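A structural walkthrough
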Amino acid sequence: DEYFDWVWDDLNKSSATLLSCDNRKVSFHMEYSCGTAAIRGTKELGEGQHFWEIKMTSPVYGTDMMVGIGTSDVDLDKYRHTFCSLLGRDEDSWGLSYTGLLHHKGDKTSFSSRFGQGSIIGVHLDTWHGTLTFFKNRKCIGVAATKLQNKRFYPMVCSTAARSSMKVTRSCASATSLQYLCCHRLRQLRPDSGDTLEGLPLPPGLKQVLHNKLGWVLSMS
Amino acid sequence: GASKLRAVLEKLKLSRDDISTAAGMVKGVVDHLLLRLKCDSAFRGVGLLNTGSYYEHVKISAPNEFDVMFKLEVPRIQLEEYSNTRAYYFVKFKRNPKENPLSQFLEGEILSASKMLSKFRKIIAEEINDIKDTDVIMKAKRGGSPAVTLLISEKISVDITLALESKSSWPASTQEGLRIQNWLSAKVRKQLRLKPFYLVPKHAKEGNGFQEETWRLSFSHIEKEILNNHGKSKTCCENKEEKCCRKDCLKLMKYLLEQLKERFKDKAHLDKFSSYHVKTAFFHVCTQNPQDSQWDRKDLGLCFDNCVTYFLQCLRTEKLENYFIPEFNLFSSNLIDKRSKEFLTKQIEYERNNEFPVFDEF
Amino acid sequence: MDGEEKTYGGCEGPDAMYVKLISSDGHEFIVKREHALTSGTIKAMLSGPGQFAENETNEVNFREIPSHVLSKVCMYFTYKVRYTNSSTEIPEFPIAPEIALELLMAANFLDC
Amino acid sequence: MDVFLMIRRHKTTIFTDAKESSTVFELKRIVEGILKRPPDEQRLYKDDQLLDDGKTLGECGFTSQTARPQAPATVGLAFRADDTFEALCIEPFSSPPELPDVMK
Ligand SMILES: [Zn+2]
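This part takes up empty space enclosed by the protein. All names here are of chain B. Applying the stated criterion across every chain, the model contains 15 cavities of 30 Å³ or more. For the largest cavity, the calculated volume is near 70 Å³. What lines the largest cavity is simply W183, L227, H230, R246, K247, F282, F283 and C286. Here the lining of the largest cavity gets 3 residues from one element, more than from any other, and that element is helix α7 (residues 275–288). Of the residues in the lining of the largest cavity, the class split is 5 nonpolar, 1 polar and 2 charged.

Next up on the list: the packing of helix α2 (residues 18–39) of chain B against helix α3 (residues 113–128) of chain B. Residues and elements named next belong to chain B. Direction vectors running N to C along α2 and α3 enclose 120 degrees, while the axes themselves pass 11 Å from each other. Accordingly, the angle class assigned to the pair α2 and α3 is oblique. α3 is crossed by α2, and the crossing has right-handed handedness. Contacts between α2 and α3 involve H32, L33, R36 and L37 from the former and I123, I124, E126 and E127 from the latter.

Further remarks concern the nonpolar core. Counting residues in hydrophobic clusters, the biggest one holds 95 residues, and the most contacted among them are B:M116, B:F120, B:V158, B:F304 and B:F311. Residues from two domains meet in this core; each of domain 1 (16–170 + 198–218) and domain 2 (230–362) of chain B gives at least three. With residues up to four places along the chain from it excluded, the contact list for B:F120 reads B:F43, B:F70, B:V148 and B:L162. If you look at the next biggest cluster of nonpolar residues, it comprises 33 residues, including A:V26, A:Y61, A:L96 and A:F115.

Let us now look at the interface of chain C and chain D. How big an interface is tends to be expressed through the accessible area that disappears when the partners come together. On the side of chain D, 24 residues touch chain C, which itself brings 22 residues to the contact. Between chain C and chain D the total buried area reaches about 2200 Å² when both faces are included, carbon and sulfur atoms providing 62% of it. Contact with chain D buries surface across chain C, with C:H27, C:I30 and C:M75 losing the most and accounting together for 22% of the total. At the surface where chain C touches chain D, the tally comes to 1 salt bridge.

Moving on, we get to the interface of chain A and chain B. Opposite the 14 residues of chain A that make contact, chain B presents 7 residues. For the pair chain A and chain B, the two sides together bury roughly 880 Å², of which 37% comes from carbon and sulfur. Of all residues in chain A, the largest losses of buried area upon contact with chain B belong to A:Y61, A:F83 and A:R114, amounting jointly to 41% of the total for that side. Where chain A packs against chain B, one counts 0 salt bridges. Scanning the region where chain A abuts chain B turns up 8 residue pairs in polar contact.

Time to look at the coordination of the zinc ion. Looking at the zinc ion, the protein donor atoms are B:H230 (NE2), B:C236 (SG), B:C237 (SG) and B:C244 (SG), and they sit 2.1 to 2.3 Å from it. If you look at the zinc ion, its 4 donor atoms make angles of 88 to 126 degrees with each other, and the shape they trace is tetrahedral.

Turning our eyes to something else, we now look at the pattern of salt bridges. Here the structure, examined in full by the defined rule, presents 31 salt bridges over all chains. One salt-bridge network, in which partners are shared between bridges, spans D:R37, D:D40, D:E41 and D:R80.

Attention now goes to the domain arrangement of chain B. All names here are of chain B. Domain parsing of chain B yields domain 1 (16–170 + 198–218) and domain 2 (230–362). Here domain 1 and domain 2 have C-alpha centroids that lie 28 Å from each other. With 7 residues of domain 1 at the interface, the matching set in domain 2 holds 7 residues. In total, domain 1 and domain 2 occlude about 760 Å² of area from one another, counting both sides; carbon and sulfur atoms represent 69% of this. When residues of domain 1 are sorted by the area they lose upon contact with domain 2, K59, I60 and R86 head the list and together hold 52% of the total. There are 1 salt bridge connecting domain 1 and domain 2. Here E258 and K59 are joined by a salt bridge, their closest N and O atoms 3.6 Å apart. Across the domain 1-domain 2 interface, the total number found is 0 residue pairs in polar contact.

What counts, and where the lines are drawn
- Residues numbered from 1 in each chain as written, not as in the entry; some residues may be left out.
- Chains lettered and ligands numbered in written order.
- Heavy atoms only, no water.
- 1 Å grid on protein atoms, 1.4 Å probe; cavity = no way out; pocket = protein on both sides within 12 Å on 5 of 7 lines; lining within 4 Å.
- Points joined across faces, edges and corners; volume = space filled by probe spheres on them.
- Helix = DSSP H or I, 4+ residues; strand = E, 2+ residues; numbered from the N terminus.
- Nonpolar A, V, L, I, M, F, W, Y, C, P; charged D, E, K, R; others polar.
- Axes fitted to C-alpha atoms, helices over the stretch in contact; angles between N-to-C directions.
- Parallel < 35°, antiparallel > 145°, perpendicular 65-115°, else oblique.
- Left-handed = near helix turned anticlockwise from the far one by under 90°.
- Contact = heavy atoms within 4.5 Å.
- Core = buried A, V, L, I, M, F, W, Y, C linked by side-chain atoms within 4.5 Å.
- Buried < 20%, exposed > 50% of the residue type's maximum accessible area, 1.4 Å probe, protein only.
- Domains from an automatic or database assignment.
- Buried area = accessible area lost by both parts, 1.4 Å probe.
- Salt bridge = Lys/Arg side-chain N within 4 Å of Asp/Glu carboxyl O.
- Polar contact = N/O pair within 3.5 Å; in protein donor to acceptor, adjacent residues only side chain to side chain.
- Donors = N, O, S within 2.8 Å, 3.2 Å for Na, K, Ca; no water.
- Tetrahedral: all angles 85-135°; square planar, octahedral: opposite > 155°, others 65-115°.

Structure follows, in structure tokens:
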């Protein structure tokens, strides 16, 4: 895969987590687990476009394990000694729980089905129009948030299972261009087929670069 | 991690046979007590509520502390509420021809459970010395309902309780309970709705004192009956392929609750919780999910978690409704302190998030 | 705002504020200076020698781009120059899907 | 406040962002600033109907509602043919290709 674009912040993480494999794998509570533990990303998403998906490796359990986005105004170690959902508790953060429910602004909205060990979850972000999209097991679930203009964000994950970890496998970014918007429009006009290159004689090089840029768009509907 | 749950299940299973080996001693003792009571005039009609299963066991890891419940049929009575509790009742004898089981306990206009238990103790003490092939000692009181405690030699201990019975129709206070219609269809609901109900004695207490003479509805036989015939159809678990794991998920939770109390026995702050609360929550859960397809042997995991999540949410919201009296709130602040409630929430969540560390000591 | 003076009426020389774009079919679209500089090819070619003179004709002809494609290019240019870093909610860019199926070749042909 | 509009004549097809309170004569002034054609020589129309130079675009039916970001309203422009109305020199755009069935 193409080199990932950000790591979990070495200087910004809760007082109970260890990081490994060039920080690609983050591990939560290798002993007592007596509170919530959380981390942020290093790169800011306020400009351009972004996309990344996270692969799970450990059995799921506990109060809540959630993947989402938020600002830097939220504190990490405020729940160092308490079991709680940190993501989505305030208007400045969002979160999707493994139980198939979404947290935002301190409320709960059921969004999708549950997932656990071995599952792959994908998130698509479009800051220019301020819309956010979630993907699961290389399938489309649906749009979750919109009207997020002028706001700056970092990616966060929160955990509460001991003996458990999460692992970012791919991280890339791109700028707004015709290779973004026109191909999204084409996929909206070609949702039935799994592949979109069929019937298109366009050069293989631009084909491969548009894979590396928006592979899900050509392979998702 | 269902491997640990299956392993502890087998470990609990392997000690099943030792009960019947020692059951003969207690069988003989309760038989001698039964004949002794039957020669008396006060309790000429006392019988056995579970013939063929003549013992009841409350603790899942206490093969030496038996429990037995004697039934005592009563022909015709009238009941009334106490200060609008909707779970505690009085009793009265309304009209009968010349047939008096025992009216000498009638004081004022209430049959006296205090005198009931007072004579009940005296009969047991005057009888117990008659046994000569086994040393038996009768131990002090521990509660309103288990007013008698019987200890055999040193190991076997039994507490005896008594209950009344009546064939009259169930009162209107339980009209909305037992929402089984979606689970086992209304036909079974209607036929079990005419089986008798049992009134056990239980004192009422307040800040300025305690009011001793009060009764309470009991449904242990029906509670066992649904669990015995849990299947949506007659054929559930009748073949090796269709087995369902409804039964194990309750004995699992009893063991957890007993273990937590054992580990925190010093401060005694968790001594107000029993297995009744565990059983009620599981019954609510299975009413919520009546389909048999949700209880396959493979998973066990989502069902145990649903049980613990339901109990946790009930504990947080301070709401727990009795399965037969839908208005009764056992978790109300009148009975259980919020301090102990939050203590138990903290402990249960810690165990859930640490993957039940207490089960590893076994 | 009205009656802009600029002390000469413009800066059509080294700071050419209007440049002229002719399509293959003859359709003519004007763009402001930063609109022209947005496309890499236009800003690269405008940097050529002699093009900074006052009398140079600020004209570019696209013999390979028809009217509709050039119109959509100008549309995107105006959109991005006006609501760049927009504080208010940014409106969508909906084109009819029977007419916008070909805009892919515009990106790599014009380097925009 | 500015409104997104567009002005077209023959080859020319020019977008504009004049303020709503501006006048049609101000549109002529802008066209003069762009292509050195004096306001007097210019003539503006809507659809194919005559218009007055003193009227404002607000009363000419062009407002922010017509200023949709996806489609600014079109304003007709004409250059005086010596002394009279010039002919319809507008040239239609190229035909669009037919979409195949598998995108249908
Ligand atoms: Zn079954």
